[PDB]
Protein chains: 2
Amino acid sequence: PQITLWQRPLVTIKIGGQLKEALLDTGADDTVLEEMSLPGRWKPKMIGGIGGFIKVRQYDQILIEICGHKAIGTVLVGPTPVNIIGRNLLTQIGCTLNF
Amino acid sequence: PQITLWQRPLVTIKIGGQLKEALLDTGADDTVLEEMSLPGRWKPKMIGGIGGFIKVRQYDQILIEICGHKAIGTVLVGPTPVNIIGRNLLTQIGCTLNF
Ligand SMILES: COC(=O)N[C@H](C(=O)NN(Cc1ccc(Br)cc1)C(=O)CC[C@@](O)(Cc1ccccc1)C(=O)N[C@H]1c2ccccc2C[C@H]1O)C(C)(C)C
């Protein structure tokens, strides 16, 4: 589909059997979601944006569905103000910027 | 043009007669540039990102060219990690997300 930017590009995602709302974020290197449980091993990571850095848990090879499009990648979990779908997963669903 | 996201979507912008590198950021509601000089008066604005909120200076009706496309709008100036082109200007150049 084509998503305009008149409003925040929020979409429905399916992860860990749960339905959530997330932001298609081209300014984000990684994907980070609010506190939730995920399977497998994880390691700590610090990510930074405007305001500074926050500590998150890094889980790899996680299955995620964005608007019905399946993709697998690293998903970060921590105190993020909003769910963010970053470039690491946006590439997988073939998302591009156009103008 | 069409921009993929395998690498950060960095483009050249022109403001105040100078070229700068900036990130097309769909996750950003506003445009915020690293410390620089802009004309006119400014107003205070608090913007929140991953690490919390920061105080920035808000200048309005500023001429800024993005990838050759001319825009005129609000530009914030403050301690940002990188120059960020947000949705307020991405809408002016007709940018959309597609997949
Ligand atoms: C490794 O560095 C990253 O890529 N870090 C990401 C990040 O923070 N990216 N930042 C900016 C940034 C920092 C460093 C670099 Br090299 C590039 C880019 C954003 O602007 C987008 C997030 C976001 O859209 C998230 C968000 C938080 C709260 C509500 C909505 C969305 C952001 O902080 N957006 C805000 C913003 C940025 C600039 C101007 C105005 C605003 C208001 C929000 O939209 C992340 C992995 C931690 C998510």
Side-chain angles (χ1 to χ4, degrees), chain A residues 3-11 13 20-35 43-60 62 64 73-91 95 97, chain B residues 3 5-11 13 15 20-36 38 42-60 62 64 66 71 73-92 95 97:
Chain A
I3 313 301
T4 35
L5 294 174
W6 284 119
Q7 296 82 42
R8 288 185 167 181
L10 299 171
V11 303
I13 63 78
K20 294 174 169 289
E21 289 291 70
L23 184 63
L24 295 184
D25 198 334
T26 62
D29 281 0
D30 314 311
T31 292
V32 61
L33 305 178
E34 307 177 307
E35 282 300 342
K43 57 187 177 184
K45 184 182 188 184
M46 283 284 273
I47 55 180
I50 59 164
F53 289 70
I54 59 166
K55 178 183 179 183
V56 301
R57 299 196 309 281
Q58 182 185 320
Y59 295 81
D60 303 312
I62 296 189
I64 187 169
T74 296
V75 175
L76 306 184
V77 181
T80 178
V82 296
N83 290 319
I84 297 304
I85 299 306
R87 293 187 299 102
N88 73 308
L89 294 183
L90 296 176
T91 55
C95 185
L97 283 168
Chain B
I3 307 173
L5 305 165
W6 303 94
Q7 290 74 192
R8 294 176 180 157
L10 296 169
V11 303
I13 61 167
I15 181 171
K20 298 176 177 290
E21 167 175 286
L23 185 69
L24 299 181
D25 196 337
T26 63
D29 305 310
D30 314 305
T31 290
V32 63
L33 309 177
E34 295 158 26
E35 180 57 47
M36 62 172 290
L38 285 176
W42 57 274
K43 297 290 157 284
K45 183 171 187 177
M46 291 186 89
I47 59 173
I50 274 293
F53 292 68
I54 62 173
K55 200 176 301 181
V56 297
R57 328 289 65 166
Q58 180 184 317
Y59 298 84
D60 300 312
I62 297 175
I64 175 175
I66 303 164
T74 301
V75 176
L76 310 183
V77 181
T80 179
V82 296
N83 290 316
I84 293 298
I85 300 165
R87 293 185 305 99
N88 74 302
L89 300 190
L90 296 171
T91 53
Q92 283 195 32
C95 193
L97 284 172

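All values below were derived from every heavy atom in this structure, side-chain atoms included, with hydrogens, water molecules and symmetry-related copies excluded. Remember, it's 1-based here, ligands and their atoms both numbered in the order they're listed. Chain letters run A, B, ... following the sequence lines, proteins first and then strands; every chain starts at 1.
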> Applying a 4.0 Å heavy-atom criterion (strictly less than), which segment of B:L23 is in contact with ligand 1: side chain, backbone, both, or neither?
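For B:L23, the contact with ligand 1 is made by the side chain alone.
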> How close does the nearest protein non-hydrogen atom get to atom 28 (C) of ligand 1, and which residue and atom is it?
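Result: A:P81 CG, 3.5 Å.
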> With a 4.0 Å cut-off on heavy atoms, is B:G48 touching ligand 1?
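Contact check B:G48 vs ligand 1: positive.
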> If you measure every N/O of A:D29 against every N/O of ligand 1, is any gap under 3.5 Å?
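The answer is yes, given that A:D29 and ligand 1 share an N or O pair closer than 3.5 Å.
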> Judged by non-hydrogen atoms, does B:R87 sit under 4.0 Å from ligand 1?
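Checking ligand 1 against B:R87, which is what was asked, there is no heavy-atom contact under 4.0 Å.
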> Quick one: are A:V56 and A:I54 in side-chain contact, heavy atoms under 4.5 Å?
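Side chain of A:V56 against side chain of A:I54, heavy atoms only: contact under 4.5 Å found.
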> Taking heavy atoms and a distance under 4.0 Å, where does A:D25 meet ligand 1: side chain, backbone, both or neither?
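It is the side chain that touches ligand 1; the backbone stays farther off.
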> Can you name the atoms of ligand 1, numbered from 1 with element, that are less than 4.0 Å from a heavy atom of A:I47?
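Atoms satisfying the 4.0 Å criterion: 47 (C).
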> Report the nearest protein non-hydrogen atom to atom 37 (C) of ligand 1: residue, atom name, distance rounded to 0.1 Å.
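Here the nearest protein heavy atom works out to B:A28 CB, 3.5 Å.
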> For atom 46 (C) of ligand 1, what's the nearest protein heavy-atom neighbour? Residue, atom name and distance, please.
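Answer, as residue, atom name and distance: A:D30 N, 3.9 Å.
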> Tell me which protein heavy atom sits closest to atom 26 (C) of ligand 1, plus the residue, atom name and distance to 0.1 Å.
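Answer, as residue, atom name and distance: A:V82 CG2, 3.8 Å.
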> Mark up the atoms of ligand 1 that fall under 4.0 Å of a heavy atom belonging to B:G49, in ascending order.
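Atoms satisfying the 4.0 Å criterion: 33 (O).
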> What protein heavy atom lies closest to atom 9 (N) of ligand 1? Include the residue and the distance to one decimal.
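Residue, atom and distance for the closest contact: A:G27 O, 3.1 Å.
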> Rounded to the nearest 0.5 Å, what separation is found between the CE atom of B:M46 and the CG atom of B:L76?
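So the CE of B:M46 and the CG of B:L76 are separated by 13.0 Å.
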> Which residue supplies the protein heavy atom nearest to atom 47 (C) of ligand 1, what is that atom called, and how far is it?
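Looking at atom 47 (C) of ligand 1, the protein heavy atom closest to it is B:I50 CG1, 3.5 Å.
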> First locate atom OG1 of A:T80, then atom CD1 of A:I47, and finally report the distance between them rounded to the nearest 0.5 Å.
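Going from OG1 on A:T80 over to CD1 on A:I47, the span is 6.5 Å.
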> Which one holds for B:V32 and ligand 1: side chain close, backbone close, both close, or neither close, with close meaning a heavy atom under 4.0 Å?
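Answer for B:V32: side chain.
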> Are a donor atom and an acceptor atom from the side chains of A:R57 and A:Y59 found within less than 3.5 Å of each other?
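A donor-acceptor contact under 3.5 Å links the two side chains.
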